[PDB]
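Shown below, as structure tokens, is a lone chain in the form deposited in one PDB entry; questions about how it binds or moves come after it.
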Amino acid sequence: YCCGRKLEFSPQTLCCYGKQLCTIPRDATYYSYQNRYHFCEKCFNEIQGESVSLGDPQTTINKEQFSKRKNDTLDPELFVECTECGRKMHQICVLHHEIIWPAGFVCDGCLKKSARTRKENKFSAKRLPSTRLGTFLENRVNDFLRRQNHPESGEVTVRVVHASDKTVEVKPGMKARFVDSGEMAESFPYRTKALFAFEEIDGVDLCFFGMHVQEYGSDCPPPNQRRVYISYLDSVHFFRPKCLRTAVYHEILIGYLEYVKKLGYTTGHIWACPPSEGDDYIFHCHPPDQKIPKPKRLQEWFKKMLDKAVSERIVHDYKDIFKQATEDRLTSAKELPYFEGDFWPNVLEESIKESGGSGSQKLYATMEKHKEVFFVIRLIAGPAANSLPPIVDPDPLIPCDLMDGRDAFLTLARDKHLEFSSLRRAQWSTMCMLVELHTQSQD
């Protein structure tokens, strides 16, 4: 071997299908049917008798048709063979990708000896199509890095890899309360964008940061107009050097707020919510020693980022949702911004049901309960906010199914055994992710 290391992939967490958002973690017992429908033991034993309705229509399958197993299968890492010396090498170690170098793998010893070099990887992060937004962000990050003069830092590339039109539909409880009486729009149009930051470490790209956002333009009816909502943020903690990692995250996030403020978006919204254990927002299979922040520390992290943005004159100010509503003299749930997949649409469904039909009953109490978790970020304030021209985004749409939401990228990593759990594995996953973004765009 190369490293002389016996390497195998770790078992990944699956879903249990018999409960919304349930999972089966490493080294857990589970029941599976056709390697497709998996059940945690609890979700299995809570099924009535021996009849499970399956599908994705209904197919009643008996319970004795399942296999009982433990989630502990260890797939060995793959090797590749040098087409000349026949040396066997971990594919991840040498980062050989059949699509980048179709003519076969040639080890570095055979390359140095013959004074040869690998043909250039034209499937790099750098060569992903650029945008006004991505350029604005990466200029900000690289200018910051060069101001720091740290010998270990590498060039950072920021790329927007998806942009498409969407709408968020008001859920049935709030629909029956406010939409059917005509007090609230039934849906809100927005544009979603996915963007990623890469760092060149030793001429090798590493994806270390990802973001999905929802941008509601000047055409959106209230209460959603001229607002951006950050759907998901994620990172892989291998940015080099470690002591600039947080500042780089801040530069990206503050730069994005600066950018949308320039286009005319008045307000930013952040739900400071950690993932639960074993759940990946964007990047599949995080490093074990990269810890999920607990809520209070995630909140303070966002507070520090926003405070720097305020002192930079980018953010005017920010408040929690409870304080924001009080100053806005809010009286009804219909006045709250209604975002896709956000907490408040879900809690308002439950609030209306438990109150027997009111849409204002526990509103302020619920906002006070959770206020520390919801940031309302004022970008454009006072009289300037009233006379704004239409929002015209210079960047075009970018159709890319792999990056339409977070799910397709998690599925690709699952299907191709990609992990972001170590530097070597995250570099390999970055290479495969880059190849996929380049080939999908070719179509």
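Position 1 is the first residue in the sequence shown; the rest follow in order. Whichever C-alpha set is largest while still superposing within 1.5 Å between the two forms counts as the rigid core.
K.L.:
Out of the other entries of this protein with residues modelled on both sides, is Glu64 skipped in at least a third?
P.N.:
It is not, since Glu64 is included in all of the other entries that model both flanking stretches.
K.L.:
Go through the other compared entries with residues on either side of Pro383 and state whether a third or more give it no coordinates.
P.N.:
Other entries vs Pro383: none skip it.
K.L.:
Relative to the deposited sequence, how many residues with no modelled coordinates occur between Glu64 and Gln65 (none, 1 to 3, 4 to 9, 10 or more)?
P.N.:
Per the record, no deposited residues are absent between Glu64 and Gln65.
K.L.:
Of 372-380 and 42-50, which one has the bigger average CA B-factor?
P.N.:
Looking at the recorded C-alpha B-factors, 42-50 comes out higher on average.
K.L.:
Mean Cα B factor from the PDB record: higher for 280-288, or higher for 95-103?
P.N.:
Comparing 280-288 with 95-103, the higher average CA B-factor belongs to 95-103.
K.L.:
What third of the chain does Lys353 rank in for C-alpha temperature factor, lowest, middle or highest?
P.N.:
It falls in the middle third of the chain.
K.L.:
Ordered by C-alpha B-factor within the chain, which third holds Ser311? Give me lowest, middle or highest, please.
P.N.:
Answer is middle: the recorded C-alpha B-factor places it there.
K.L.:
So where's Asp395 on the chain's Cα temperature factor ranking, which third?
P.N.:
As the PDB entry reports it, the C-alpha B-factor of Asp395 lands in the lowest third of its chain.
K.L.:
Taking the entry's C-alpha B-factors for this chain, is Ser10 in the lowest, middle or highest third?
P.N.:
CA B-factor rank for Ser10: highest third.
K.L.:
What third of the chain does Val160 rank in for C-alpha temperature factor, lowest, middle or highest?
P.N.:
Lowest third, going by the recorded CA B-factors of the chain.
The same protein has a further form, the form deposited in another entry, not shown here; the description that follows concerns it.
K.L.:
To test your reading of the superposition: with the rigid core aligned, which of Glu46, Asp415, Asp401, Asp407 moves its Cα by 2 angstroms or more between this form and the one not shown?
P.N.:
The displaced C-alpha is that of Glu46.
K.L.:
Would you say whether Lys19 is displaced between this form and the one not shown, judging by a C-alpha shift of 2 Å or more on the superposed rigid core?
P.N.:
Shift of 2 Å or more: yes.
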